[PDB]
Ligand SMILES: [Zn+2]
């Protein structure tokens, strides 16, 4: 048999409307014309009577949803159907809220300081009981609290030795994942008559290298269920995984329903390995490959008066080829046909990119510049083929600077300097 | 026969090689031993090749010499090699790595192979360039070349000694340079060595210039130096006891800290009737008893000798400490009613070389009660030095641990917070950022601490420099500023300093006649097949002769050479009314911390307060003059003058107009004008004076010339030093010697042992002997005969060696203790060391430190994107704001606390020159710049390259900058306020981004600062090469990568791996026709069938869940 209760307490001395409808598949309960509960095992209500979801001021009450015209209002928190907007509020229906682009992994195994049959420590494993609203200023924890939660049952309430009892619990997950946030769903807030002050829980994250990273001290309250503790990471430092989460507190009344790690979807720091541009990380192989389905093949590239040495026989994706200039030629490298930083060394690495080359390399000859009085004074340097490498051309000393010698021509040498004048005029 | 040498006086003495040699053209090597005296000309050409006929350009050829770089500021001189072929468009100069040391022999070798120019100083490659290529000159012009030695035609003369001049025709490698270092003329008739001169006869291959101006052929000692006994103190230290090894010897050895009885004398002023004491006998008794009880646990036992001075006039007059000058207060009138401490010391004239005098004077404001004279101070051991204490706080409970603090200050103990709260700026390398022997207090045991009036570990706060959370601070240390009830002990690393300074400086206070031990262990010079040679340093006290009271044995050097400073200064100018820059500051040993920085510890010809308040004092013909007098008149050989600060206009062009030596007979010898620099003291060699000299007169036409000290080196075997008795040494070895030489008096300090056996282990130590009194044994040296050691040419890494170049000399790139030097990299089996930083080649270890070689070091897995657009709050033509665009100029070295920023800073960085310098408006104007980047990306860190720390001379407090990040939506995400320090000039500001909040794309970076002295040469974003917010945007299971549309491609293969699925008694509704990767197909169980799940999702051909309808 299945029973469904109303939404609020009965009001003495009032007229109420009760309607129960059962079609053989679904049964519902209607109070004052409004659907309060249903199971299958702003507003205008044509009245000015409260309790049916719409007040006399035509205002929708809390924990009610009103549709249609005239407005019919029904209860949505706990009805068993997770609507498009119940995720944020209705914990008892949709569980916990997972933001778009995140994944929540709940605790797989748990280790606590005090393990006993009546208060087992493996209750905070798996999905918690989000339908349980926490209890404030609780006196006894023997009713259902130990069923879907954990608490130090073996430890009585301490009055003087409570300052030295360091309660701790460590939760290990099946898989290691980068910790973006820590979810702590509670069932107790730690408030008590004998201990008015609450308890602040400090959470420590344990990595795969057994190192503890402190997340700081954070307060704990019922209004913040589930308690989301962000993981503040220094972006300059490399990311680190996490496999175990440690929760530390001193108040024996602190009971945790569940501990979970909220992480991003993919781009894990496993891909922080040697998987750079030109290759795609494998689905699950602990390694990165470069040819899954990409047809990114670049055509063979040749540079005039230059030396090319490719690291691979074929100029396929990820193939880096070193380019150097012949003696008497300078190296000019332009990334994506644009002016960028040059290469100090005599070799430039060019990588294939989806049928195109990342940078263009040119071995232009070294210009020796137009000669002047620096090389030979009182002379005219008239010569046809410019001032590039190998482009020899002569001079003529004007009157009265008579020139004596067999040769009176220079030659722009391989080091970018004009050759020694074999004859000097006086 | 002993080698000869040439002396060039720098006044016209030059030589030219004859025309019968064919000078090298394609490649060459020059090797020369040279001893350069201080105060050279700029540029003093040691030797160079010059072209006379070619008048269009007269820089053709090469030139080696000494020239000053940064001649505008601090003018420091270095060895330079300059070359310009007949093809290159300019001259190329390569300098040494450090300022040249005067009076020391240097092996200078400059090589050129046709592609590179290399310059080795003492065999270590200190400069390398490759701008010049090709031959130096063609054969046709070969007849128009002249090799000049000692100067050029333009009188770029050289002043000093030259020896063993070798000029080659091929570029000798560093190995051959080192091998040819030791030959000293043992060169065969090679057909490759062009010229080798040992100056047997100058006219064999050289000819003089002018008419008869020729250098002086003299005899030079053939470098008997086999051990570098000159151990330079660290940068932060002041004396030899600050050296790492010398103080480590005291830290480890317990025989170096034997009990010591250190005398001290307490001054008690009395009236003529012996009443009214300054401090009662009870007070002095209590203070002395407490001091003895607090020092006797550190093996020091003070001996008290109270002094009774009965002078009513002195007692009546009020004595004041650190005061600058019954009711008469006229300073001129002798009946004034006040006396400074130094005036009291001058009146008393107490001999402080035998006692630690305690002087009493009121110190009305009491936060530094005890004024102590440091051991390295000039006044440490004379009448005007001692301890100054408040008489009312001398022997009263709660006012007693102030004498121990002053005494510790008098034994060379810095305050424990010296590296934190006693630094001018955060860029000072003397900050104890970590416990070290070379920074701050120079004690490893004392943890860094800030200044604190109370005791107890101070928590985080507004640090003066910017470092918070000091842990394990020595709040209970004596040298801290705690109270008298919570300071209890000296750490057993600060006691070692006290014992070192008692052995070194204060040997006269103690009555025990134990000569100071040899501080450092004997060094194994080399082993033969059956012997060994050991050498050791002189005693730590620095004296070589026995100490005799009233004699000159305390100044005699090793070769009976008497070395003395000035002892009686004078001047015709009336002295300063304030007293600063008095002639008395030009006495004793040099005491200036930094060259050419106007200090009150020198003699300035016009002290005054404001310049040009007095009409020109020094006249045109002769100028002002300082007359120094030496204690012991004698016949001198060399004279050294420490000229510290010279005005910019008088850039060594006659700063010291004359130096007149005054004879005992009264005749005057004029030396003529000299040249002076900052760092190098001006040294002169006096040539056949022939008669005793008692004083000098230094003339000057400069109104800011600051003479710091003087010196008068005597001739060898001076009459005074003959009667001195040299110290002797006794070497003991772990197996006892068969016969023990009772005294090994070796002027080289060398011991040759022949009673050795192969495969055995021996230990050697040295005991000093002064007459019949022995000393504490020197630290033992271990020697395994037939095995390796330090100084054998083989790098045995198991012994801690990192370089071993077969020698025992510092400055060659490998330290004396087989340790690598600073900024020197040593390779090959005999360690050839070269100056790696800046040689144009970036190696594997130069990446993380050499900013100007390898650029900014980007860690693996990251990527630096520099600014592509800039904007500033103040833009001007003189100081443009677009300089920071692009990669920065890493060659620039940061400058701290400089008033003028126009020295090329704007050409490489941006600084706000538009604003005026504010005296009180510095907090009213906020400066900012904003740099936009070409490609916005994630912000992992911000890199800001700085040129200045933004510190002013009048503001010791540093500056802080606030950096803000702007995302693609122009939202300011502040990164925090960060201090400005040039010890980490590439400023890395990490980004602390919470992992829950989605990452943004930073478009621009905004950086704000207050003071206008801050200069930025570039702002960049350090970001991950891979990963981005685009991955988090929309890329689910099966979406690998799409084109540039901030998305991933949904169908990238894996569309046929999953075969057709069949479920019994179930209905399949497939959204997609083909069961591709992650395909969704709803499964509905028929009526009466229970649904079991283990919408199914395909996963690489395998269904993620199993659906059945039972
Ligand atoms: Zn002090």
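Chains as they are written, first to last, in the authors' numbering: chain A, 102 to 142, 879 to 1263; chain B, 12 to 336, 403 to 1171, 1186 to 1201. The C-beta atom is built at its ideal place from N, Cα and C for all residues, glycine as well.
Item: Please determine whether the Cβ atom of residue 519(B) lies at a distance below 8 Å from any heavy atom of ligand 1.; Value: no
Item: Closer than 8 Å, Cβ to any Cβ of chain A: which residues of the stretch 1116–1141 of chain B, in chain order?; Value: 1117, 1118, 1129 and 1130
Item: Please list, in chain order, the residues of the stretch 1010–1037 of chain B that have any C-beta partner in chain A closer than 8 Å.; Value: 1015, 1016, 1017 and 1018
Item: Across which residues does DSSP place residue 656(B) in a beta bridge pair?; Value: Per DSSP, none; premise fails for residue 656(B).
Item: Could you tell me the distance, in whole angstroms, from the CA atom of residue 1192(A) to the CA atom of residue 99(B)?; Value: 44 Å
Item: Can residue 445(B) be considered in contact with ligand 1, in the sense that its beta carbon sits closer than 8 Å to one or more heavy atoms?; Value: yes
Item: Does the Cβ-Cβ distance between residue 1016(B) and residue 1082(B) come in under 9 Å?; Value: yes
Item: Against chain B, does residue 1236(A) count as a neighbour if the rule is that its beta carbon must be under 9 Å from one of theirs?; Value: no
Item: Between the stretch 1189–1207 of chain A and the stretch 1140–1154 of chain A, are three or more C-beta pairs nearer than 8 Å?; Value: yes
Item: Any idea which residues DSSP pairs residue 1070(A) with across the strands?; Value: 1070(B)
Item: Sort out for me which residues DSSP pairs residue 901(B) with in a bridge.; Value: Answer by DSSP bridge pairing: none, since residue 901(B) is not bridged.
Item: Along chain A, which residues have their Cβ under 8 Å away from the Cβ of residue 964(B)?; Value: 1178
Item: Among residues of its own chain, excluding the 5 on either side of residue 940(B), which ones have a beta-carbon nearer than 8 Å to its beta-carbon?; Value: 1099, 1100, 1101 and 1102
Item: Would DSSP call residue 1014(B) helix, strand or coil?; Value: strand
Item: Following a CB-centred definition, is residue 529(B) positioned closer than 8 Å to any heavy atom of ligand 1?; Value: no
Item: Measure the beta-carbon distance from residue 1096(B) to residue 961(B) and round it to whole angstroms, keeping in mind my assumption that it falls under 8 Å.; Value: 6 Å
Item: Examine the Cβ distances between the stretch 684–695 of chain B and the stretch 637–645 of chain B and report whether three or more of them are shorter than 8 Å.; Value: no
Item: Can you grab the Cα-Cα spacing for the pair residue 902(B) / residue 117(B), in whole Å?; Value: 20 Å
Item: Compute every distance between the C-beta of residue 483(B) and the non-hydrogen atoms of ligand 1, then say whether any falls below 8 Å.; Value: yes
Item: For chain B, check one thing: does any of its Cβ atoms lie closer than 9 Å to the Cβ of residue 118(A)?; Value: no
Item: Any heavy atom of ligand 2 within a distance shorter than 8 Å of the CB on residue 449(B)?; Value: As for ligand 2, it is missing from this structure, which binds only ligand 1.
Item: Against chain B, with Cβ distances strictly below 9 Å, would residue 1050(A) count as a contact?; Value: no
Item: DSSP on residue 227(B), reduced to helix/strand/coil?; Value: strand
Item: State the CB to CB distance for the pair residue 601(B) and residue 868(B), rounded to an integer number of angstroms; the pair is presumed to be in contact (CB under 8 Å).; Value: 6 Å
Item: Given the structure, does residue 478(B) come close to ligand 1, in the sense that its CB is under 8 Å from one of the ligand's heavy atoms?; Value: no
Item: List, in order along the chain, the chain A residues whose C-beta lies closer than 9 Å to that of residue 343(B)?; Value: Missing here is residue 343(B): after 336, the next number in chain B is 403.
Item: Measuring only the C-alpha atoms, how far is residue 247(B) from residue 497(B)?; Value: 14 Å
Item: With a threshold of 16 other CB atoms inside 10 Å of the CB of residue 1045(A), please say whether the residue is buried or exposed.; Value: exposed
Item: Using 8 Å as the cut-off, classify the Cβ of residue 545(B) as near or not near the heavy atoms of ligand 1, replying yes or no.; Value: no
Item: Nearest chain A C-beta to residue 149(B) closer than 9 Å, yes or no?; Value: yes
Item: So with Cβ pairs under 9 Å, would you call residue 1108(B) a contact of chain A?; Value: yes
Item: Report whether the distance from the Cβ of residue 575(B) to the nearest heavy atom of ligand 1 is below 8 Å.; Value: no
Item: Look at the Cβ atom of residue 527(B), then the Cβ atom of residue 516(B), and state whether they are nearer than 9 Å.; Value: no
Item: From residue 966(B) to residue 1104(B), what distance separates their C-alpha atoms?; Value: 30 Å
Item: Determine, using beta-carbon pairs with one atom in the stretch 472–480 of chain B and one in the stretch 559–567 of chain B, whether at least three such pairs fall under 8 Å.; Value: yes
Item: Ignore the nearest five residues each way along the sequence and tell me which others in residue 1119(A)'s own chain have a CB closer than 7 Å to its CB.; Value: 1125 and 1126
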